[PDB]
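These notes concern the structure reproduced below.
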Amino acid sequence: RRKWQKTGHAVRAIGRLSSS
Amino acid sequence: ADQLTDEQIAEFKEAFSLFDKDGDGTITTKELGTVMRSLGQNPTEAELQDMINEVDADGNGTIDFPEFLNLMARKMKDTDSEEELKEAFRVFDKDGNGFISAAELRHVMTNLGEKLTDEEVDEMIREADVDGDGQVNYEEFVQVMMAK
Ligand SMILES: [Ca+2]
Ligand SMILES: [Ca+2]
Ligand SMILES: [Ca+2]
Ligand SMILES: [Ca+2]
């Protein structure tokens with residue numbers, strides 16, 4: 001799962017840093 | 001507040017590396033901008049500075065790992081707590097049909113700078129694909145995103 005979590009959380013990090 | 005497990009922290013350390021491509025231990029506006037643009041976004045310098053500012057506790061202009069962890073440990077303020085995960089899924093599911101195909105996964109891996117051979121990408125699909133249709137639906141994405 002680390003490959004999914006590494007990339008998925010990078011995507012989530014951006015979502016948190018930015019507004020939608 | 002909140003409390004992260006050692007496993008979650010290790011996972012976030014890996015995520016951090018996708019931003020900190022030069023491995024100097026910090027995420028600059030340039031590095032954050034690079035990743036976002038590779039994913040199709042177009043943040044302005046002012047917006048990047050603001051994003052950094054939010055978690056830049058010591059105000060040194062960049063985000064280090066401890067600050068990154070705080071970002072990932074903050075609780076959601078949006079009434080519906082699952083939208084963030086659904087939004088992340090939609091980034092992977094390019095054509096938005098509800099299933100992440102191997103082709104779509106390869107593209108997002110390349111955009112994020114996660115260097116993997118096509119075979120390694122298929123291994124990711126295989127791990128997540130529980131129903132056996134060869135692609136990854138939202139539920140399967142949720143399961144592989146779980147720390148435990
Ligand atoms: Ca860096
Ligand atoms: Ca800082
Ligand atoms: Ca799709
Ligand atoms: Ca499936």
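Chains: A, B, ... in order of the structure tokens. Residues: from 1 per chain. Ligands: from 1, in order shown.
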Would you give me, as a ChimeraX atom specification, the residues of chain A that come within 7 Å of chain B, using only C-alpha atoms?
/A:1-2,4-13,17-18
Within 9 Å of ligand 3, counting only C-alpha atoms and all ligand atoms, residues as an NGL selection string:
:B and (90 or 92-101 or 103-104 or 135-137)
For the residues in that selection, give me N, CA and C atoms as a PDB file, in the first residue's frame.
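Final output, out_39.pdb:
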```pdb
ATOM      1  N   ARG B  90     -10.771  11.365  -7.559  1.00  0.00           N
ATOM      2  CA  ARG B  90     -11.055  11.976  -8.850  1.00  0.00           C
ATOM      3  C   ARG B  90      -9.805  12.454  -9.577  1.00  0.00           C
ATOM      4  N   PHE B  92      -7.051  10.755  -9.609  1.00  0.00           N
ATOM      5  CA  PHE B  92      -6.575   9.526 -10.244  1.00  0.00           C
ATOM      6  C   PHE B  92      -7.497   9.106 -11.378  1.00  0.00           C
ATOM      7  N   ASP B  93      -8.795   9.117 -11.113  1.00  0.00           N
ATOM      8  CA  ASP B  93      -9.779   8.717 -12.112  1.00  0.00           C
ATOM      9  C   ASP B  93      -9.998   9.822 -13.148  1.00  0.00           C
ATOM     10  N   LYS B  94      -9.015   9.964 -14.033  1.00  0.00           N
ATOM     11  CA  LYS B  94      -9.024  10.998 -15.066  1.00  0.00           C
ATOM     12  C   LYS B  94     -10.333  11.224 -15.808  1.00  0.00           C
ATOM     13  N   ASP B  95     -10.921  10.182 -16.389  1.00  0.00           N
ATOM     14  CA  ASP B  95     -12.169  10.406 -17.120  1.00  0.00           C
ATOM     15  C   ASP B  95     -13.419  10.414 -16.249  1.00  0.00           C
ATOM     16  N   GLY B  96     -13.207  10.394 -14.936  1.00  0.00           N
ATOM     17  CA  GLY B  96     -14.292  10.436 -13.970  1.00  0.00           C
ATOM     18  C   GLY B  96     -15.428   9.439 -14.093  1.00  0.00           C
ATOM     19  N   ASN B  97     -15.140   8.245 -14.602  1.00  0.00           N
ATOM     20  CA  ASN B  97     -16.180   7.242 -14.779  1.00  0.00           C
ATOM     21  C   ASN B  97     -16.356   6.354 -13.552  1.00  0.00           C
ATOM     22  N   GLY B  98     -15.561   6.612 -12.515  1.00  0.00           N
ATOM     23  CA  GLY B  98     -15.662   5.845 -11.287  1.00  0.00           C
ATOM     24  C   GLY B  98     -14.646   4.735 -11.111  1.00  0.00           C
ATOM     25  N   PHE B  99     -13.765   4.552 -12.089  1.00  0.00           N
ATOM     26  CA  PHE B  99     -12.772   3.494 -11.990  1.00  0.00           C
ATOM     27  C   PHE B  99     -11.411   3.960 -12.468  1.00  0.00           C
ATOM     28  N   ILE B 100     -10.370   3.675 -11.688  1.00  0.00           N
ATOM     29  CA  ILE B 100      -9.019   4.058 -12.086  1.00  0.00           C
ATOM     30  C   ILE B 100      -8.442   2.928 -12.933  1.00  0.00           C
ATOM     31  N   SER B 101      -8.124   3.233 -14.185  1.00  0.00           N
ATOM     32  CA  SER B 101      -7.562   2.252 -15.101  1.00  0.00           C
ATOM     33  C   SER B 101      -6.051   2.271 -14.958  1.00  0.00           C
ATOM     34  N   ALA B 103      -3.943   2.743 -17.256  1.00  0.00           N
ATOM     35  CA  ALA B 103      -3.486   3.891 -18.042  1.00  0.00           C
ATOM     36  C   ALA B 103      -3.574   5.180 -17.232  1.00  0.00           C
ATOM     37  N   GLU B 104      -4.686   5.372 -16.529  1.00  0.00           N
ATOM     38  CA  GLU B 104      -4.857   6.573 -15.720  1.00  0.00           C
ATOM     39  C   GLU B 104      -3.867   6.579 -14.552  1.00  0.00           C
ATOM     40  N   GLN B 135      -9.612  -2.899 -12.668  1.00  0.00           N
ATOM     41  CA  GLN B 135      -9.473  -1.477 -12.427  1.00  0.00           C
ATOM     42  C   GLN B 135      -9.782  -1.227 -10.962  1.00  0.00           C
ATOM     43  N   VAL B 136      -9.605   0.008 -10.524  1.00  0.00           N
ATOM     44  CA  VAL B 136      -9.809   0.341  -9.120  1.00  0.00           C
ATOM     45  C   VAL B 136     -10.969   1.297  -8.856  1.00  0.00           C
ATOM     46  N   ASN B 137     -12.028   0.829  -8.186  1.00  0.00           N
ATOM     47  CA  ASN B 137     -13.140   1.737  -7.896  1.00  0.00           C
ATOM     48  C   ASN B 137     -12.857   2.521  -6.621  1.00  0.00           C
TER      49      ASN B 137
END
```
I'd like to know which residues of chain B are strand (DSSP E) (by DSSP, run on the backbone); could you write them as JSON, numbers by chain?
{"B": [26, 27, 63, 64, 99, 100, 136, 137]}
Identify, counting only C-alpha atoms and all ligand atoms, the protein, DNA and RNA residues located within 9 Å of ligand 1, and give them as an MDAnalysis selection string.
chainID B and resid 17 19:28 30:31 62:64
Would you save the residues of that selection, restricted to N, CA, C and O atoms, as a CSV table (one decimal), in the first residue's frame?
```
chain,number,residue,atom,x,y,z
B,17,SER,N,8.5,13.4,0.2
B,17,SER,CA,9.5,13.3,-0.7
B,17,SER,C,9.1,13.6,-2.2
B,17,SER,O,9.9,14.0,-3.0
B,19,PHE,N,7.3,16.0,-3.0
B,19,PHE,CA,7.4,17.5,-3.1
B,19,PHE,C,8.8,17.9,-3.0
B,19,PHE,O,9.3,18.7,-3.8
B,20,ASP,N,9.5,17.4,-2.0
B,20,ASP,CA,10.9,17.7,-1.8
B,20,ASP,C,11.8,16.8,-2.7
B,20,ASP,O,12.5,15.9,-2.2
B,21,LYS,N,11.7,17.1,-4.0
B,21,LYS,CA,12.4,16.3,-5.0
B,21,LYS,C,14.0,16.4,-4.9
B,21,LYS,O,14.6,15.5,-5.4
B,22,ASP,N,14.5,17.5,-4.4
B,22,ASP,CA,15.9,17.6,-4.2
B,22,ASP,C,16.4,17.0,-2.9
B,22,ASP,O,17.6,17.0,-2.7
B,23,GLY,N,15.5,16.6,-2.1
B,23,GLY,CA,15.8,15.9,-0.8
B,23,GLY,C,16.6,16.8,0.2
B,23,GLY,O,17.3,16.2,1.0
B,24,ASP,N,16.3,18.1,0.2
B,24,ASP,CA,17.0,18.9,1.1
B,24,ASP,C,16.3,19.1,2.5
B,24,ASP,O,16.7,19.8,3.4
B,25,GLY,N,15.2,18.4,2.6
B,25,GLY,CA,14.4,18.5,3.8
B,25,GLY,C,13.3,19.5,3.9
B,25,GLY,O,12.7,19.7,5.0
B,26,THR,N,13.1,20.3,2.8
B,26,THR,CA,12.1,21.3,2.8
B,26,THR,C,11.4,21.4,1.5
B,26,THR,O,11.9,21.0,0.5
B,27,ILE,N,10.2,22.0,1.6
B,27,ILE,CA,9.4,22.2,0.4
B,27,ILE,C,9.3,23.7,0.1
B,27,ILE,O,8.8,24.4,0.9
B,28,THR,N,9.9,24.1,-1.0
B,28,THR,CA,9.9,25.5,-1.4
B,28,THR,C,8.6,25.8,-2.3
B,28,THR,O,7.9,24.9,-2.7
B,30,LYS,N,8.6,26.8,-5.2
B,30,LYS,CA,8.9,26.3,-6.5
B,30,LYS,C,8.6,24.8,-6.6
B,30,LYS,O,8.0,24.4,-7.6
B,31,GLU,N,8.9,24.1,-5.6
B,31,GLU,CA,8.7,22.6,-5.5
B,31,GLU,C,7.2,22.4,-5.4
B,31,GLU,O,6.7,21.4,-6.1
B,62,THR,N,9.8,28.0,4.0
B,62,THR,CA,9.6,26.7,3.5
B,62,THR,C,8.9,25.8,4.4
B,62,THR,O,8.8,26.1,5.6
B,63,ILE,N,8.4,24.6,3.9
B,63,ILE,CA,7.7,23.7,4.7
B,63,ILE,C,8.7,22.5,5.0
B,63,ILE,O,9.2,21.8,4.1
B,64,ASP,N,9.0,22.2,6.3
B,64,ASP,CA,9.8,21.1,6.6
B,64,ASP,C,8.9,19.9,6.9
B,64,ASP,O,7.7,20.1,7.0
```
Could you give me, as number ranges by chain, every polymer residue with an atom at most 7 Å away from an atom of ligand 4, counting only C-alpha atoms and all ligand atoms?
B: 129-137, 140
Residues within 7 Å of ligand 2 should be enumerated using only C-alpha atoms and all ligand atoms and returned as a VMD selection string.
chain B and resid 56 to 64 67
Pairwise distance, atom CA of residue 15 of chain A with atom CA of residue 78 of chain B, equals 12.4 Å
Could you please write out, as a PyMOL selection string, every residue of chain B that DSSP assigns to alpha helix (DSSP H)?
chain B and resi 6-19+29-38+45-55+65-73+83-92+102-112+118-128+138-145
Atom CA of residue 142 of chain B and atom CA of residue 77 of chain B, how far apart in Å?
20.2 Å
Tell me which of B:44, B:70, B:29, B:34 sits closest to residue 2 of chain B, counting only C-alpha atoms.
B:70
